[PDB]
Structures are given as structure tokens and as C-alpha cells.
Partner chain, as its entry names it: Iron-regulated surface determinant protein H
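As C-alpha cells, one chain now follows by itself in the form solved without its partner chain.
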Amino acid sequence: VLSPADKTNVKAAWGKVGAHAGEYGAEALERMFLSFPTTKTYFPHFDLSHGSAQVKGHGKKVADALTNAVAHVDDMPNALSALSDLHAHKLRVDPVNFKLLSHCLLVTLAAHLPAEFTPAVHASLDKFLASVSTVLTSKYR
């Protein structure tokens, strides 16, 4: 459950990503694949080599979905219904992997947006990603 301040913090901070959506998204995935190799088992059909192309394109999709989540922060189960079907009923992703990717997203934002990444904004982004994660792993349909 996000506070009104949580929502404000997340919108201000994520809105700084802008045209760097694909870059940051791809970087967050790369960090995940490298730091926690077991997450690669969810992408066996992917080219997961360094840089690739498939990864960079997928990173853009991930970042754009977060942008959408931000814009529908009060209606995420509806807005993320398609992704919930994918990650929860079809892929059956273990929730632990969402914590791994969420941490890697935080790391990426801290590395690229130091002025945005205050302790309070860090706390809000963490809750936001936690909430998105819960939605994507719940079978609520």
C-alpha cells in the first residue's frame, strides 16, 4: 500500500528516466542475469550474451511497463492484468526473482540518478516495486 507521498516520490523519480527507459531497463536485466545467474532459467530461449539485442529490446518493454504502472498507480491490478497472466499463470515466476529484479532496478536508478535517490525516495521506489511484484505474481483472475 503506497502513501500519497510514495506515489509522488515514484512519479518524480521515475519521470527522470525518460528517453533512458531502454538503457536502464536493459541494464537492470543485465545486472540481474550477472548477479543472480539462476534468473537466466526463465529465459532459456533468449540470447543472454553481453549486450545482445534481445535483452536491450526486452529491457525497453520492462521499463515501459513500469512507466505504465506509475501512470496507473491507483489501478494496478486492472492495468497490469495482462502481465499478471504472463508472469503468474503462464510463467509461474517464483516471487524471489521479483525481489532480485527490483533490487537491480534500484541499483540502476541509484547509479544513474544520484540526486533523485534520497532515502525517502529509495523507500518509496522499494514499496512501489514490491507492489508491482505482488500484482505480477498473484492469480487474482
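Superpose the two forms; the largest set of C-alphas matching within 1.5 Å is the rigid core. Numbering follows the first chain given and starts at 1.
Superposing each structure in 6 other deposited structures of this protein on the rigid core shows that the farther-lying of 24 to 32 and 81 to 89, by root-mean-square Cα distance, is 81 to 89. In summary, of the stretches 46 to 54 and 107 to 115, 46 to 54 shows the greater Cα distance from the shown form in 6 other deposited structures of this protein, with structures fitted on the rigid core.
Remark: stretch with higher mean C-alpha B factor among 29 to 37 and 51 to 59 is 51 to 59. With 17 to 25 and 114 to 122 compared on mean CA B-factor from the PDB entry, the stretch scoring higher is 17 to 25.
If you compare the C-alpha temperature factors of 107, 101, 93, 80 in the entry, 80 comes out highest.
This protein has a second form, the form solved in complex with its partner chain, left out of what is shown; the following refers to that one.
Put simply, residue 74 is close to its partner chain in the deposited complex: some heavy atom of it is within 4.5 Å.
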